[PDB]
Amino acid sequence: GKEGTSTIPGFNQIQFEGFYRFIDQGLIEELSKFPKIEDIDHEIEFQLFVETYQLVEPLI
Amino acid sequence: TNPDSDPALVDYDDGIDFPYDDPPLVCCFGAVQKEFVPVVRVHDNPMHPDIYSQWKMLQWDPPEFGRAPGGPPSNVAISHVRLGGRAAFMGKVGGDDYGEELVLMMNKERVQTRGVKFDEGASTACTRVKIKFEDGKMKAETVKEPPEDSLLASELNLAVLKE
């Protein structure tokens, strides 16, 4: 937590800290804003379970 | 000529007749170490146990006892010479590399190490202790003192002491 308090902070920390915030918090926040899908009422209802989102390490 | 004799009979004499060179000599007596702050007390607000980069914060906000910590008498002798004075160090070191290094450290600082004795059968700054579990708490006892703590009264350099 005391990153820049004593030593010179990492020059890329702002880029580093932002991306981790986006992965930790910026994903579910946008996913939670995804609404339900239905026309009026039919044999159709589509929705996303936000709590079950996962990210996979790139193959390459 | 006997360092262990009572300093009340005939002095060590020798052939010192010309006046001593100014500034007056200073003798620093005790162990020789590098760093090794002796004054240690319990302090609050410790920094991170592993991240030593944060420990500078306790240098500019120090414990009140560690505001101007002292050290071994060698530091006083070394600092005295850099201030223009002449200092001679009296003590005993082992015959190992560290004893040579510590004596070399003081020699490069123009500190008179003529009063430094060498104990060949000893390891410099090395105290052999025995660990004993007494009353449920681990303790230690000094089996053999280090050469710094092993300067006999017969090894004193009376030439240094007189000057």
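Every number in this text was worked out from the coordinates using simple rules, so none of it is lab data. Positions of Cβ are generated from backbone atoms using ideal geometry, with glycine treated the same way; all protein chains shown enter the neighbour counts.
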Can you list, bin by bin at 5 Å, the percent of alpha carbon pairs in the stretch B:11-163, starting at 0?
2, 8, 13, 15, 14, 14, 14, 9, 5, 3, 1, 1, 0
When only DSSP loop residues count, what chymotrypsin sites (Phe, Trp or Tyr not before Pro) in the stretch B:1-96 have their Cβ near at most 15 other Cβ atoms within 10 Å?
B:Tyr20, B:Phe36, B:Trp60
The stretch B:1-155 - share of DSSP beta bridges that are antiparallel (%, nearest 5):
40 percent
Angle between chain B longest axis and helix B:73-82 axis [Cα atoms, degrees, rounded to 10]:
70 degrees
Tell me which residues come under 5 Å, amide H to amide H, from B:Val26 once H is placed; ignore anything under 5 positions away on its chain.
B:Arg86, B:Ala87, B:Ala88
What is the mean number of Cβ atoms from other protein chains located within 10 Å of the Cβ atom of each residue in peptide B:152-158, rounded to a whole number?
0
Euclidean distance between Cα centres, the stretch B:27-101 to the stretch B:120-163, Å:
19 Å
List, in order, the whole-Hz ³J(HN,Hα) value for each residue of the stretch A:6-11 obtained from phi through the Karplus relation with A = 6.51, B = -1.76, C = 1.60 and θ = phi - 60°; use x for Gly and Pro.
9, 9, 5, x, x, 4
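Contact order normalised by length for chain B, with contacts defined as Cα pairs under 8 Å and 6 or more residues apart; what percent is it? Could you put the intermediate results ahead of the total?
Values: 248 pairs, mean separation 41.6, N = 163.
Normalised by residue count, the contact order of chain B is 26 percent.
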Rounded FRET efficiency, nearest 0.05, which uses the C-beta distance separating B:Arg110 from B:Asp149 and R0 of 22 Å
0.25
Hey, got a sec? Which trypsin sites (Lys or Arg not before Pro) in the stretch B:1-101 land in a DSSP loop and have at most 14 other Cβ atoms within 10 Å?
B:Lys34, B:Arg41, B:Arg67
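List the chymotrypsin sites (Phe, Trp or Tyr not before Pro) within chain A that DSSP assigns to loop and that have no more than 11 neighbouring Cβ atoms inside 10 Å.
Taking chain A and a limit of 11 other Cβ atoms within 10 Å, the loop chymotrypsin sites (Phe, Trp or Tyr not before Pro) found are A:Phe11, A:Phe49, A:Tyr53.
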Going by amide H atoms built from the backbone, whose H comes under 5 Å of the H on B:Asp119, apart from near neighbours?
B:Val93, B:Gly94, B:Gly95
So which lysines can B:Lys108 reach, going by Cα to Cα under 22 Å and dropping same-chain residues fewer than 8 places off?
B:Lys34, B:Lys92, B:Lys117
When the convex hull of the C-alpha atoms of the protein assembly as shown is computed, what volume per residue in Å³ does it have?
324 Å³
Can you work out ³J(HN,Hα) from phi for every residue in the stretch B:158-163, in order, using Karplus 6.51 cos²θ - 1.76 cosθ + 1.60 and θ = phi - 60°, giving whole Hz and x for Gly and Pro?
5, 4, 5, 5, 5, 6
For the stretch B:27-33, take each phi angle, set θ = phi - 60°, evaluate the Karplus expression 6.51 cos²θ - 1.76 cosθ + 1.60, and give the result in whole Hz per residue in order, putting x for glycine and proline.
9, 10, 10, x, 6, 10, 8
When the helix-only estimate is applied to chain B (DSSP H runs of n ≥ 4, each -39,500 (n - 2.57), divided by the residue count), what is the mean residue ellipticity at 222 nm, nearest 500 deg cm²/dmol?
-4500 deg cm²/dmol
Give me the net charge for the shell around B:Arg110: Cβ to Cβ below 11 angstrom, other residues only, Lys and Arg +1, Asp and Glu -1.
+2
Rounded to the nearest 10 degrees, the helix B:97-108 long axis (Cα) sits at an angle to the longest Cα principal axis of chain B of 60 degrees
Setting aside same-chain residues fewer than 8 positions from B:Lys56, which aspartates and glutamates have a Cα under 14 Å from its Cα?
A:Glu3
